[PDB]
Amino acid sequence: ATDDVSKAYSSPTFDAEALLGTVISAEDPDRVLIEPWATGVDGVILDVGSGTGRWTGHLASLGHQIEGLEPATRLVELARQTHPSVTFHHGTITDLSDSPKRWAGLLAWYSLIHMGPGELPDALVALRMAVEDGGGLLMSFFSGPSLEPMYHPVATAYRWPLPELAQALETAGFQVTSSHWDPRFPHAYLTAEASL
């Protein structure tokens, strides 16, 4: 559940600064995925579960209009001191439904990995209501042949088969425009477009 997960990430026994990192490496393979996507966003990007803000600051430095959303108290505060010119919102995905705010695109980089079938559905719905119609979504997650839990050092994670996740997205108002996954690893990612 997000409550226990968020406090696990803000736990003083977890130094995200060193583990997650506060700056992106020039050799980071995710750059070729996120950077191109970001350029395609015509408006303010919302980095969902920005954590230490490493990608938020990186994209902001490259001229992108972007803000962050992070429920982990220690992390969001940490992100502000590290990236003083970037706006970081302290809150959860569901909190987004409490405001009329809407962004042009959504970046959820491994921020949805701790949500199972009883939680992701509602999160996707809130996300859809937080992005402009036709707006984009880039998310990375863990996939596999079955929808099942998976050990993770911070909090329990979940593997989501493409069929189940794509259906959840469609039900939520998102259409998958691209996806990628290598069966030898759970790591996977996809792009979607806000629709009906």
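Position 1 is the first residue in the sequence shown; the rest follow in order.
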| item | value |
| --- | --- |
| Per the entry, higher mean C-alpha B factor between 18-26 and 169-177 | 18-26 |
| Greater mean Cα temperature factor according to the PDB record, 155-163 or 55-63 | 55-63 |
| Options 139, 46, 38, 130 - largest CA temperature factor per the record | 130 |
| Residue, from 96, 115, 104, 108, that the PDB entry assigns the highest Cα B-factor | 96 |
| Record-listed C-alpha B factor of residue 85: chain third | highest |
| Third assignment of residue 42 from its chain's C-alpha B-factors | highest |
| Chain thirds of CA B-factor: placement of residue 122 | highest |
| Residue 8 - Cα temperature factor, lowest/middle/highest third of chain | middle |
| CA B-factor ranking of residue 194, expressed as a third of its chain | middle |
